[PDB]
Amino acid sequence: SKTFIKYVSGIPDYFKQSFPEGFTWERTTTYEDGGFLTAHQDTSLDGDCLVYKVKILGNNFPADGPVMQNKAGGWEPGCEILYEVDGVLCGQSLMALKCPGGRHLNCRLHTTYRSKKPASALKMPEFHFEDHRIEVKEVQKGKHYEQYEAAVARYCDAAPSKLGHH
Amino acid sequence: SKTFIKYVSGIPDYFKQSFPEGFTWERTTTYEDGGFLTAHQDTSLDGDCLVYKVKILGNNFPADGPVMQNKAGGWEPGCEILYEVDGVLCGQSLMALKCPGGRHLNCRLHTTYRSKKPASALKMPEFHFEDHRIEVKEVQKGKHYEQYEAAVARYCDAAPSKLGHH
Amino acid sequence: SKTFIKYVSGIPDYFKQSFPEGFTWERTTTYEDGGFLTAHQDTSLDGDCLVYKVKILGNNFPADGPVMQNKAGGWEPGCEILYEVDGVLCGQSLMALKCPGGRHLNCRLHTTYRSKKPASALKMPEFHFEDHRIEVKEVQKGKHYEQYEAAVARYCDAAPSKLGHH
Amino acid sequence: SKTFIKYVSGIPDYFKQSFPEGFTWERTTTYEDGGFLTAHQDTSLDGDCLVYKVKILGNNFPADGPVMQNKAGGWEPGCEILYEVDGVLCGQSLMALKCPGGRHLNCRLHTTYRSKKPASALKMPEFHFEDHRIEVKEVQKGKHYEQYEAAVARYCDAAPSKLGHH
Amino acid sequence: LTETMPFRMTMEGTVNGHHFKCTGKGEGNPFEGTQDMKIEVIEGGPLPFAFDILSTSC
Amino acid sequence: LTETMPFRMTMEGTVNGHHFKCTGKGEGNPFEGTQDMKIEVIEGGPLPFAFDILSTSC
Amino acid sequence: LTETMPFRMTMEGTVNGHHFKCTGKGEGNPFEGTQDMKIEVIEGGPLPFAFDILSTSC
Amino acid sequence: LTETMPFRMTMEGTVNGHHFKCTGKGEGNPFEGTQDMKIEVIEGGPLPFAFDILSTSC
């Protein structure tokens with residue numbers, strides 16, 4: 001839900017800038033055990049309501065893996081890198097799924113974010129990071145879930161530059 | 001169209017064995033320039049007509065690449081390796097797309113083939129190869145196409161064993 | 001140079017713990033344009049001096065790419081995720097190389113860090129992050145370089161948990 | 001040992017052409033369970049003796065996997081695709097390692113073969129295939145081995161073109 | 001956009017041959033970067049796979 | 001089955017934000033491993049990408 | 001080339017922290033594409049991993 | 001460790017067929033996580049590729 005990000009240090013907000021038109025995103029997530037999860041999403045503004053429409057295709061998840069065995073323990077917090085490619089915004093991230101026995105299963109997210117506004121009408125952000133944290137509670141088995149996420153967009157303040165870069 | 005394969009050397013035919021029920025397949029193709037093409041397919045037999053239903057999600061294709069610039073010259077012939085995992089049939093292949101200037105763009109196909117018959121009802125093939133050749137003719141720009149494919153399933157006869165395996 | 005990291009939030013320091021025995025690391029970096037850079041490194045302590053021995057094998061870099069054309073402009077700051085796998089510490093990171101015309105070339109680092117100390121003498125850290133910034137100055141073309149790095153190991157303080165997790 | 005290949009259908013032999021100068025090859029093999037094996041090789045002719053010098057860096061193999069547990073049962077036969085990229089010969093292949101319980105572990109080989117001969121003295125082959133069969137005998141555990149290989153370079157004769165392509 | 005913003009979601013897909021549909025409703029603070037939502041599996045439930053693989057799509 | 005088998009196809013998808021629909025029909029010899037087909041882009045045409053990426057799905 | 005050709009090999013490597021060295025001696029038929037060789041682990045043996053990972057480098 | 005620590009480095013490699021060797025000398029603040037070094041290409045120079053690919057190794 002890319003509209004809900006705290007942007008610091010004056011980084012342009014590609015997603016909020018896109019309204020009222022909205023934006024789309026497309027992603028393939030590659031899992032280290034051979035699974036793939038591909039998604040396309042449309043984000044629109046219907047007056048005072050945001051409308052998300054998502055299409056999902058997932059495949060090759062091992063039958064004995066934590067995904068198909070339904071033994072996943074949620075995601076670790078993650079960092080995404082974002083930068084312009086071909087006049088749109090690209091995103092790249094690694095995530096880690098918590099597994100039984102204190103193990104992790106990693107994956108890579110390959111994302112392109114596409115504004116429905118033309119590039120000429122937008123202020124494109126420079127290379128930056130988005131910190132994310134996703135938390136899930138299963139209310140009813142395989143039926144009802146609740147999900148929380150916090151997200152911040154920033155430069156690298158933690159490790160400072162000598163060359164005066166961001 | 002996996003029903004149309006010539007099987008030699010007595011290799012069991014996972015696909016033809018699956019009728020009348022039919023089968024599904026699922027695939028993610030990863031392109032060396034960052035594109036992804038994900039597909040799910042359902043194959044059914046309606047009388048004596050085969051019915052294919054396909055869902056496609058493709059993403060991250062470079063704007064300047066041969067795919068989005070519509071400058072591809074068709075596929076080279078290819079080889080797929082197939083073998084059982086988790087009681088279904090898995091396939092893996094590398095393909096090479098012909099590009100302007102006698103160049104190639106490669107990709108990897110990650111496939112799972114799923115019979116609608118239970119595993120107990122099929123004879124599962126051993127590790128084998130499937131040779132394929134796909135040829136396309138564009139009848140009308142972006143609208144009408146013709147496609148030909150020849151496919152043969154075999155063991156490795158070209159390079160013989162000293163240990164007496166196929 | 002993994003000995004030089006600032007650890008916060010009571011995260012144990014796998015690298016400093018490894019002295020006097022030291023540690024090794026091993027990595028393959030996969031570049032999005034098809035290059036691979038593989039390294040093995042040995043870290044030892046010799047009196048009051050740290051000694052690094054590095055072996056490198058790089059391959060498949062495109063002749064026309066920023067690496068082989070020597071037109072790279074340094075790395076963006078990066079984020080590594082680190083966690084235990086089978087008694088050693090694994091690291092995963094995406095990095096982005098600055099290219100001509102404000103473009104970026106991304107890559108993925110697959111690392112295993114191996115203490116030379118027995119596991120009985122070590123406190124393995126929980127899942128955490130290392131922020132890195134690397135800056136290079138070319139003093140003499142292809143002959144003399146200077147490199148600066150700053151590194152900090154942390155949890156995700158920027159996006160807080162509703163469940164009170166790290 | 002790329003000198004030992006049977007070429008059919010008038011395909012030029014990049015490797016034999018390279019003598020007396022010889023050739024090198026460089027490769028990263030990526031395993032589906034996270035291992036990487038990188039090699040660089042030098043091939044020279046010394047009188048009537050071919051001389052191979054090989055450097056290897058392998059990393060990230062799972063401690064529990066068939067490789068580190070030494071429970072591998074050899075390779076299935078394989079098919080490599082080869083084609084020119086920027087004046088040198090590139091090779092791409094998928095291989096399958098036999099594992100306990102009739103299982104397989106797959107990997108991908110990314111190779112560049114580099115003649116030590118000037119490009120002016122070389123006939124570059126068109127896109128083609130190399131069929132390989134490798135068989136290993138362990139004579140003394142972890143110390144003495146014997147290896148056999150058969151290799152043939154060909155076009156796709158098994159699945160014919162309707163357009164008269166190779 | 002307002003300081004507290006609601007959203008709704010429709011999702012459809014196939015994972016390992018399993019077809020499913022989901023609906024969602026939520027709210028968040030666009031400028032603080034926080035949000036919560038409910039997800040219901042309306043078709044193909046109970047989900048025969050870990051819901052976690054759908055989290056980044058929701 | 002028969003010596004020559006006919007088949008029909010319906011396809012829907014999105015590639016780089018472009019939605020399209022395709023239909024097809026063809027014929028082949030199941031035991032000889034050969035086949036031919038026609039594909040028509042019925043929605044989202046003319047295809048704004050190389051058709052080659054859809055070949056293995058047709 | 002002669003229709004039978006001998007070869008020799010030296011190999012140095014590190015796999016998962018384990019250092020090793022191998023030598024090899026073989027012969028084959030260059031134009032017929034067949035070959036056989038012996039490989040000996042001269043340092044770092046017995047090999048603490050499957051030799052099969054070294055096969056394509058021999 | 002002392003709050004300031006020196007280090008020395010030797011590197012040997014091959015990239016795309018190009019063999020090279022480097023030496024390095026540096027110092028840093030181990031607990032503060034900062035460091036600086038000089039790197040000299042002692043063999044195979046001037047480097048026929050971007051030094052940046054070696055940065056994470058130095």
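Order of the sequence lines fixes the chain letters, A, B, ..., with proteins taken first and strands second; residue numbering starts at 1 for each chain.
- Atom CD of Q41(D) is separated from atom CE of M11(G) by 9.0 Å, given to the nearest 0.5 angstrom.
- Screening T24(C), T43(C), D42(C) for a side chain to side chain donor-acceptor pair (under 3.5 Å) involving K116(C) leaves a single residue, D42(C).
- Two rings, from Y31(C) and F61(C), have their centers less than 6.0 Å apart.
- When the shell of 6.0 Å around NZ of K21(H) is examined, it contains 12 or fewer heavy atoms from other residues, nucleotides or ligands.
- Atom CD in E27(H) sits 9.5 Å away from atom OG1 in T34(H) (nearest 0.5 Å).
- Defined by atom type and a distance below 3.5 Å, a donor-acceptor pair is present between the side-chain atoms of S1(D) and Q35(G).
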Problem set entry | Derivation and outcome, salt bridge (charged side-chain N to carboxylate O under 4.0 Å, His left out), residues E26(D) and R114(D) | CA-CA 8 Å; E26(D) 60 196 50; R114(D) 297 180 192 281; 2.8 Å; yes

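- Here the side chain of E43(G) pairs no donor or acceptor atom with the backbone of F20(G) at under 3.5 angstrom.
- A side-chain donor-acceptor contact under 3.5 Å links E84(C) to the backbone of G87(C).
- A donor-acceptor contact closer than 3.5 angstrom links the side chains of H132(D) and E149(D).
- At distances below 3.5 Å, at least one donor-acceptor pair connects side-chain atoms of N29(H) with backbone N or O atoms of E3(H).
- Atom CG of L57(C) sits about 4.0 Å away from atom CG of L57(D), to the nearest 0.5 Å.
- The two atoms that bring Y148(C) and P160(A) nearest to each other are OH-O, 3.3 Å, heavy atoms only.
- If you check the side chains of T10(G) and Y52(D), you find no donor sitting under 3.5 Å from an acceptor.
- Looking only at side-chain heavy atoms (C-beta outward), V51(C) and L45(C) stay at 4.5 Å or farther from each other.
- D46(D) places a side-chain heavy atom less than 4.5 Å from the side chain of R8(G).
- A153(C) and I5(C) make their closest contact through N-CG2, 3.7 Å (heavy atoms, listed as atom of the first residue, atom of the second, distance).
- A salt bridge links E21(C) to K117(C): at least one charged side-chain nitrogen sits closer than 4.0 Å to a carboxylate oxygen.
- Annotation: side chain of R133(C) is not in contact with side chain of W75(C) (no heavy-atom distance under 4.5 Å).
- Comment: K123(D) does not engage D13(D) in a salt bridge, judged by the lack of any side-chain N to carboxylate O separation of less than 4.0 angstrom.
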Exercise. Between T30(D) and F36(C), is a side-chain contact (heavy atoms from CB on, under 4.5 Å) present by the stated rule, with each step listed?
Worked result: CA-CA 10 Å; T30(D) 63; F36(C) 290 92; 4.0 Å; yes

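- Taking a 6.0 Å sphere around NZ of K53(C), one finds it holds 12 or fewer heavy atoms contributed by other residues, nucleotides or ligands.
- Using a 4.0 Å cut-off between charged side-chain N and carboxylate O, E146(C) and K38(H) make a salt bridge.
- Taking NE2 of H165(A) as the reference point, atom OG of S161(A) lies at 6.5 Å (rounded to 0.5 Å).
- Counting heavy atoms from C-beta on, the side chains of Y83(C) and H128(C) never come closer than 4.5 Å.
- Taking the side chain as every heavy atom from C-beta outward, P125(C) and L89(C) approach each other to under 4.5 Å.
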Problem set entry | Derivation of the side-chain contact (heavy atoms from CB on, under 4.5 Å) call for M9(G) and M37(G) | CA-CA 10 Å; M9(G) 182 273 293; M37(G) 78 181 294; 3.9 Å; yes

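- Nearest heavy-atom pair across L37(D) and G58(D) is CD2-CA, 3.7 Å.
- The two residues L94(A) and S93(C) make their nearest non-hydrogen contact at CD1-N, 3.5 Å.
- Counting heavy atoms from C-beta on, the side chains of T14(H) and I56(C) never come closer than 4.5 Å.
- Aromatic rings of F23(D) and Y113(D) (six-membered ring for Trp) have centroids beyond the 6.0 Å cut-off, not under it.
- The closest donor-acceptor contact from the side chain of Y14(D) to the backbone of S115(D) lies under 3.5 Å.
- Heavy-atom minimum distance, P30(G) versus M5(G): CG-CG, 3.4 Å.
- Between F4(C) and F7(H), the gap from one ring centroid to the other is short of 6.0 Å.
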Do any side-chain atoms of residues 44-58 of chain H form donor-acceptor pairs under 3.5 angstrom with protein atoms, and if so which ones, sequence neighbours left out?
from, atom 1, to, atom 2, distance (Å)
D52(H), OD2, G74(C), N, 3.0
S55(H), OG, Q147(C), OE1, 2.9
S55(H), OG, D52(H), O, 3.4

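- Residues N59(D) and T38(C) are in side-chain contact: their nearest non-hydrogen atoms beyond the backbone lie under 4.5 Å apart.
- Formation of a donor-acceptor pair under 3.5 Å by the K137(C) side chain with backbone atoms of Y145(C) is not found in this model.
- Contact detail for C22(H) and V41(H): the closest heavy-atom pair is SG-CG2, 4.0 Å.
- Using a 3.5 Å distance cut-off with no hydrogens or angles, the side chains of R108(C) and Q92(A) do not pair a donor with an acceptor.
- One distance of note links CG of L1(G) with CZ of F15(D); it measures 13.0 Å at 0.5 Å rounding.
- With respect to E130(D) and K2(D), a salt bridge is recorded, a charged nitrogen being found less than 4.0 Å from a carboxylate O.
- In this structure, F129(A) and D131(C) have side chains that are not in contact, with every pair of non-hydrogen atoms separated by 4.5 Å or more.
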Problem set entry | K55(C)/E12(H) under side-chain contact (heavy atoms from CB on, under 4.5 Å): CA gap, chis, key distance, verdict | CA-CA 5 Å; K55(C) 295 189 262 265; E12(H) 66 178 356; 4.3 Å; yes

Problem set entry | Check against side-chain contact (heavy atoms from CB on, under 4.5 Å), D33(C) and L105(C) | CA-CA 8 Å; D33(C) 64 348; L105(C) 187 81; 3.8 Å; yes

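- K162(A) NZ: more than 12 foreign heavy atoms inside a 6.0 Å radius.
- Within a 6.0 Å sphere centred on CD of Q17(D), other residues, nucleotides and ligands contribute more than 12 heavy atoms.
- Between the side chains of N60(C) and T28(D), no donor-acceptor pair is found at a separation under 3.5 Å.
- The CG atom of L109(D) sits 5.0 Å away from atom CZ of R27(D), with the distance rounded to the nearest 0.5 Å.
- Defined by atom type and a distance below 3.5 Å, a donor-acceptor pair is present between the side-chain atoms of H104(C) and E76(C).
- Residues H18(H) and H40(D) place their aromatic rings such that the two centres sit no closer than 6.0 Å.
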